[PDB]
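As structure tokens, one chain now follows by itself in the form solved without the named molecule.
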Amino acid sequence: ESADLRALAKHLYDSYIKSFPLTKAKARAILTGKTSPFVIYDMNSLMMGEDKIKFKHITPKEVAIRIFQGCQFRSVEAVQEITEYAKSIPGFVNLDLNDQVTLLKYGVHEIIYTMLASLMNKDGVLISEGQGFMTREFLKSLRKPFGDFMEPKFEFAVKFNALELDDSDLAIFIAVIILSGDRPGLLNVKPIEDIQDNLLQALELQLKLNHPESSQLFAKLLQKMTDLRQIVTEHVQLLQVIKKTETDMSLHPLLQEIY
């Protein structure tokens, strides 16, 4: 029965490679130098960044605000990649359509930040297909409340990254996050937990075969789930604060609809 576990792993991996253009293996090569990305470390470099390379996340205003909005544009984009990926998880599409919607609704944020760590090191984050590298300090230098917008993700990133997981490990971890039976509103919890259970086994073997020397990596990874939700909860808090305050956030009526 350990055959069906390997098949599911490879399947998730293959699908993950197809759904996500910028993998961790690739991002890592770019980040460590052993491949170069345009570097954004201040206003002028940001400015030139937009002119030189056409960062779609920066279209036609305070910089802190356009950077924040760019983050949302990219997030929206990411949500589609994740949604497509989810469909390849054996059993997902056979679930009640409302539950599928529910799972993605509460799961994409956790996945977003999980995958974002793949593009981050203690010094910055890769943006627009890795074409650029936005400095951690520059982001942390934005005026309140934008300055501490990304920092919480960086702190998580540093920790998550010390586990040294690779694309094949993440593919399965990602699927496990999606099949969470404790999401509010689910109408049929059983099949969801039964699939996650099949995914957890697959993940456990993967980690043991891929990291035989890393003791209890499975437990440690599952524990990171706590850090993820705290990151999402906290993110949701700041998001409303920016909405309750900030008067220069309004976008075209249709754009606001899109997000």
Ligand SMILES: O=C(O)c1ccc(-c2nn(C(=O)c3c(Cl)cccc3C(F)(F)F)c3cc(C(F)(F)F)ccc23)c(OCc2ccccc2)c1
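Residues carry their position along the shown sequence, with the first being 1.
Keep in mind that the form solved in complex with the named molecule is missing from the display, and what follows is about it.
Novice: When the site C-alphas are superposed and the named molecule is set in place as seen in the deposited bound form, is this chain open or blocked (3 or more ligand atoms within 2.4 angstroms of backbone or C-beta)?
Specialist: Site status blocked, 3 or more atoms under the 2.4 Å cut.
Novice: Does the named molecule get within 4.5 angstroms of any non-hydrogen atom of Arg74 in the deposited bound form?
Specialist: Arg74 belongs to the contact set for the named molecule.
Novice: In the deposited bound form, does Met120 come within 4.5 Å of the named molecule, counting heavy atoms only?
Specialist: So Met120 counts as contacting the named molecule.
Novice: Given that the partner is absent here, does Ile177 sit within 4.5 Å of the named molecule in the deposited bound form, heavy atoms only?
Specialist: Close contact is absent here: in the deposited bound form, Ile177 is far from the named molecule, nothing within 4.5 Å, heavy atoms only.
Novice: Give a yes/no on whether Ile58 approaches the named molecule to within 4.5 Å in the deposited bound form, heavy atoms considered.
Specialist: Looking in the deposited bound form, residue contacts with the named molecule include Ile58, since a heavy atom lies within 4.5 Å.
Novice: 63-71, 219-227, 205-213, 188-196: which one contacts the named molecule in the deposited bound form at 4.5 Å, heavy atom to heavy atom?
Specialist: Careful reading of the contacts points to 63-71.
Novice: If you look in the deposited bound form, which residues in 126-153 sit within 4.5 Å of the named molecule (heavy atoms)?
Specialist: Residues within 4.5 Å: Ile127, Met134, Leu139, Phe149, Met150, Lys153.
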